[PDB]
Amino acid sequence: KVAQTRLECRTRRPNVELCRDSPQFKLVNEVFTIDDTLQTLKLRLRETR
Amino acid sequence: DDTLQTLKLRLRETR
Amino acid sequence: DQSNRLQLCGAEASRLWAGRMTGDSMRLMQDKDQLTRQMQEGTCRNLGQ
Amino acid sequence: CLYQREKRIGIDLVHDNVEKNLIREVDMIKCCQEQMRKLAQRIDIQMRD
Amino acid sequence: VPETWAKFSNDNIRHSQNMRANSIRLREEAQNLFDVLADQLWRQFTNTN
Amino acid sequence: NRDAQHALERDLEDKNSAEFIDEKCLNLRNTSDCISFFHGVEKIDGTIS
């Protein structure tokens with residue numbers, strides 16, 4: 001939720017200031033990694049059940 | 001699964 | 001005798017399996033928490049730069 | 001400082017960026033204390049539980 | 001009552017872990033409030049100056 | 001000179017809006033309110049600069 005709320009507010013930047021920088025890379029990276037984290041956690045939960 | 005994550009990291013970086 | 005031995009062996013098989021699963025489950029939790037915290041603070045520092 | 005604005009006499013007796021900045025600072029500090037007190041009360045209820 | 005060893009609930013432990021997790025959430029909330037509230041106060045102070 | 005001043009002050013207000021977006025993203029925490037889910041992560045990468 002932190003990642004996606006940071007990502008949404010930073011697309012409303014003004015015209016010349018809409019900049020693909022390294023924070024965009026870190027936010028996309030963190031969204032993908034936390035998705036993979038969540039996935040392996042529910043797989044382990046199913047095995048434990 | 002972690003090496004796959006490292007390879008995805010390097011893919012995004014090189015792109 | 002085969003029935004008794006099979007029941008006791010099945011109980012101890014379930015023993016060793018669930019014990020190893022519970023022992024392995026905590027390291028995944030700890031590593032995922034550390035990874036999440038470190039990447040979020042990296043995102044914040046990048047935003048500051 | 002807001003009380004020290006008052007003894008100003010003449011055509012300077014207007015409301016500027018400094019006046020609204022001081023008003024915003026005062027309201028921000030009052031909200032600061034209110035949030036901290038409400039959080040302390042929640043901590044008290046949790047401690048009782 | 002069988003002999004009170006055929007039991008796997010003792011719900012006081014579960015309730016107590018729930019309260020411990022809730023208190024950890026409250027402590028994290030207070031630390032985040034400390035950081036962001038101090039930072040906001042500096043921003044307003046330097047804007048007024 | 002007036003035209004060049006207009007171009008400069010254009011770029012100033014763009015930078016200031018980018019500022020406000022950047023501190024509002026930096027202030028965000030885990031326990032902070034006004035936070036929500038946003039499925040649209042893969043469309044934020046479309047930028048210009």
# chains A, B, ... in the order shown; residues from 1 in each chain; ligands from 1

$ residues_around --residues "residue 47 of chain E" --least-positions-apart "3" --cutoff "10 Å" --atoms "only C-alpha atoms" --output "list in words"
residues 17, 18, 21, 22 and 25 of chain D; 41, 42, 43 and 44 of chain E

$ interface_residues --of "chain F" --to "chain E" --cutoff "7 Å" --atoms "only C-alpha atoms" --output "VMD selection string"
chain F and resid 27 29 31

$ write_last_selection --atoms "N, CA, C and O atoms" --output "mmCIF file, in the first residue's frame"
data_model
loop_
_atom_site.group_PDB
_atom_site.id
_atom_site.type_symbol
_atom_site.label_atom_id
_atom_site.label_comp_id
_atom_site.auth_asym_id
_atom_site.auth_seq_id
_atom_site.Cartn_x
_atom_site.Cartn_y
_atom_site.Cartn_z
ATOM 1 N N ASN F 27 6.880 12.194 3.184
ATOM 2 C CA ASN F 27 6.254 12.159 4.503
ATOM 3 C C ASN F 27 5.514 10.843 4.750
ATOM 4 O O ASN F 27 5.335 10.444 5.907
ATOM 5 N N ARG F 29 4.266 7.167 5.430
ATOM 6 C CA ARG F 29 4.777 6.061 6.229
ATOM 7 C C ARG F 29 3.790 4.900 6.177
ATOM 8 O O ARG F 29 2.784 4.938 5.461
ATOM 9 N N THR F 31 2.039 3.595 8.896
ATOM 10 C CA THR F 31 0.884 3.868 9.739
ATOM 11 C C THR F 31 0.189 5.174 9.385
ATOM 12 O O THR F 31 -0.832 5.499 9.999
#

$ interface_residues --of "chain A" --to "chain C" --cutoff "8 Å" --atoms "only C-alpha atoms" --output "list in words"
residues 22, 23, 26, 27, 30, 34, 37, 44 and 48 of chain A

$ residues_around --residues "segment 9-12 of chain B" --least-positions-apart "6" --cutoff "12 Å" --atoms "only C-alpha atoms" --output "JSON list (two decimals) with N, CA and C atoms, in the first residue's frame"
[["chain", "number", "residue", "atom", "x", "y", "z"],
["A", 22, "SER", "N", 15.60, 7.43, -10.82],
["A", 22, "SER", "CA", 15.84, 6.25, -9.99],
["A", 22, "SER", "C", 14.79, 5.97, -8.91],
["A", 24, "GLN", "N", 11.57, 6.10, -9.40],
["A", 24, "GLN", "CA", 10.59, 5.31, -10.15],
["A", 24, "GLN", "C", 11.05, 3.86, -10.26],
["A", 25, "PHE", "N", 12.34, 3.67, -10.53],
["A", 25, "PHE", "CA", 12.92, 2.33, -10.59],
["A", 25, "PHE", "C", 12.79, 1.61, -9.26],
["A", 26, "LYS", "N", 13.09, 2.30, -8.16],
["A", 26, "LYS", "CA", 13.00, 1.67, -6.84],
["A", 26, "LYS", "C", 11.56, 1.31, -6.48],
["A", 28, "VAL", "N", 8.99, 0.65, -8.61],
["A", 28, "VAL", "CA", 8.57, -0.49, -9.43],
["A", 28, "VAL", "C", 9.22, -1.77, -8.93],
["A", 29, "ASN", "N", 10.51, -1.69, -8.58],
["A", 29, "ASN", "CA", 11.25, -2.82, -8.06],
["A", 29, "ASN", "C", 10.63, -3.35, -6.78],
["A", 30, "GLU", "N", 10.25, -2.43, -5.89],
["A", 30, "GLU", "CA", 9.71, -2.83, -4.60],
["A", 30, "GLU", "C", 8.32, -3.43, -4.75],
["A", 32, "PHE", "N", 7.22, -5.17, -7.41],
["A", 32, "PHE", "CA", 7.38, -6.52, -7.95],
["A", 32, "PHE", "C", 7.93, -7.49, -6.91],
["A", 33, "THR", "N", 8.92, -7.05, -6.13],
["A", 33, "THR", "CA", 9.51, -7.93, -5.13],
["A", 33, "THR", "C", 8.53, -8.26, -4.01],
["B", 2, "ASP", "N", 15.29, -16.94, -5.26],
["B", 2, "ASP", "CA", 16.02, -15.70, -5.04],
["B", 2, "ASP", "C", 16.94, -15.37, -6.21],
["B", 3, "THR", "N", 17.53, -16.38, -6.84],
["B", 3, "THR", "CA", 18.34, -16.14, -8.03],
["B", 3, "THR", "C", 17.48, -15.64, -9.19]]

$ select_by_dssp --residues "chain F" --states "helix (DSSP H, G or I)" --output "list in words"
residues 2, 3, 4, 5, 6, 7, 8, 9, 10, 11, 12, 13, 14, 15, 16, 17, 18, 19, 20, 21, 22, 23, 24, 25, 26 and 27 of chain F

$ write_last_selection --atoms "C-alpha atoms" --output "mmCIF file, in the first residue's frame"
data_model
loop_
_atom_site.group_PDB
_atom_site.id
_atom_site.type_symbol
_atom_site.label_atom_id
_atom_site.label_comp_id
_atom_site.auth_asym_id
_atom_site.auth_seq_id
_atom_site.Cartn_x
_atom_site.Cartn_y
_atom_site.Cartn_z
ATOM 1 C CA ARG F 2 10.111 40.223 -20.002
ATOM 2 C CA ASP F 3 9.647 37.146 -22.216
ATOM 3 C CA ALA F 4 12.765 35.501 -20.744
ATOM 4 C CA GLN F 5 11.471 36.319 -17.248
ATOM 5 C CA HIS F 6 8.198 34.569 -18.094
ATOM 6 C CA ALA F 7 10.091 31.443 -19.194
ATOM 7 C CA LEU F 8 12.189 31.435 -16.003
ATOM 8 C CA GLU F 9 9.203 31.862 -13.687
ATOM 9 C CA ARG F 10 7.339 29.130 -15.601
ATOM 10 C CA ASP F 11 10.182 26.770 -14.771
ATOM 11 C CA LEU F 12 10.202 28.024 -11.141
ATOM 12 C CA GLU F 13 6.551 27.174 -10.514
ATOM 13 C CA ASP F 14 7.029 23.779 -12.172
ATOM 14 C CA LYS F 15 9.928 23.042 -9.823
ATOM 15 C CA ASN F 16 7.856 24.192 -6.827
ATOM 16 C CA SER F 17 4.957 21.866 -7.683
ATOM 17 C CA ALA F 18 7.496 19.048 -8.083
ATOM 18 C CA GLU F 19 8.810 19.972 -4.623
ATOM 19 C CA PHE F 20 5.352 19.720 -3.018
ATOM 20 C CA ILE F 21 4.765 16.319 -4.636
ATOM 21 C CA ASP F 22 8.197 15.142 -3.450
ATOM 22 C CA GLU F 23 7.830 16.106 0.226
ATOM 23 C CA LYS F 24 4.277 14.737 0.267
ATOM 24 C CA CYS F 25 5.667 11.418 -0.977
ATOM 25 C CA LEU F 26 8.554 11.542 1.518
ATOM 26 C CA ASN F 27 6.254 12.159 4.503
#

$ closest_atom_pairs --of "chain F" --to "chain A" --cutoff "6 Å" --atoms "only C-alpha atoms" --output "CSV"
residue,atom,partner,partner_atom,distance
F:25,CA,A:6,CA,5.7
F:36,CA,A:1,CA,5.8
F:37,CA,A:1,CA,5.2
F:38,CA,A:4,CA,5.5
F:49,CA,A:19,CA,4.8

$ write_last_selection --atoms "C-alpha atoms" --output "PDB file, in the first residue's frame"
ATOM      1  CA  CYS F  25       5.667  11.418  -0.977  1.00  0.00           C
ATOM      2  CA  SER F  36      -4.785   3.210  -0.234  1.00  0.00           C
ATOM      3  CA  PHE F  37      -4.346   0.498  -2.853  1.00  0.00           C
ATOM      4  CA  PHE F  38      -3.700   1.301  -6.516  1.00  0.00           C
ATOM      5  CA  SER F  49      11.483  13.511 -19.474  1.00  0.00           C
TER       6      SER F  49
END

$ atom_distance --atom1 "atom CA of residue 20 of chain C" --atom2 "atom CA of residue 15 of chain E"
26.5 Å

$ closest_atom_pairs --of "chain D" --to "chain E" --cutoff "9 Å" --atoms "only C-alpha atoms" --output "JSON lines"
{"residue": "D:17", "atom": "CA", "partner": "E:48", "partner_atom": "CA", "distance": 8.3}
{"residue": "D:18", "atom": "CA", "partner": "E:48", "partner_atom": "CA", "distance": 6.2}
{"residue": "D:19", "atom": "CA", "partner": "E:48", "partner_atom": "CA", "distance": 8.9}
{"residue": "D:21", "atom": "CA", "partner": "E:48", "partner_atom": "CA", "distance": 5.5}
{"residue": "D:22", "atom": "CA", "partner": "E:48", "partner_atom": "CA", "distance": 6.8}
{"residue": "D:24", "atom": "CA", "partner": "E:44", "partner_atom": "CA", "distance": 8.0}
{"residue": "D:25", "atom": "CA", "partner": "E:44", "partner_atom": "CA", "distance": 6.2}
{"residue": "D:28", "atom": "CA", "partner": "E:41", "partner_atom": "CA", "distance": 7.6}
{"residue": "D:29", "atom": "CA", "partner": "E:41", "partner_atom": "CA", "distance": 7.7}
{"residue": "D:32", "atom": "CA", "partner": "E:37", "partner_atom": "CA", "distance": 6.9}
{"residue": "D:35", "atom": "CA", "partner": "E:33", "partner_atom": "CA", "distance": 8.7}
{"residue": "D:36", "atom": "CA", "partner": "E:33", "partner_atom": "CA", "distance": 8.2}
{"residue": "D:39", "atom": "CA", "partner": "E:30", "partner_atom": "CA", "distance": 7.4}
{"residue": "D:40", "atom": "CA", "partner": "E:30", "partner_atom": "CA", "distance": 8.9}
{"residue": "D:42", "atom": "CA", "partner": "E:26", "partner_atom": "CA", "distance": 8.3}
{"residue": "D:43", "atom": "CA", "partner": "E:26", "partner_atom": "CA", "distance": 7.1}
{"residue": "D:46", "atom": "CA", "partner": "E:23", "partner_atom": "CA", "distance": 6.8}
{"residue": "D:47", "atom": "CA", "partner": "E:23", "partner_atom": "CA", "distance": 8.2}
{"residue": "D:49", "atom": "CA", "partner": "E:19", "partner_atom": "CA", "distance": 7.5}

$ atom_distance --atom1 "atom CA of residue 5 of chain E" --atom2 "atom CA of residue 19 of chain C"
20.2 Å
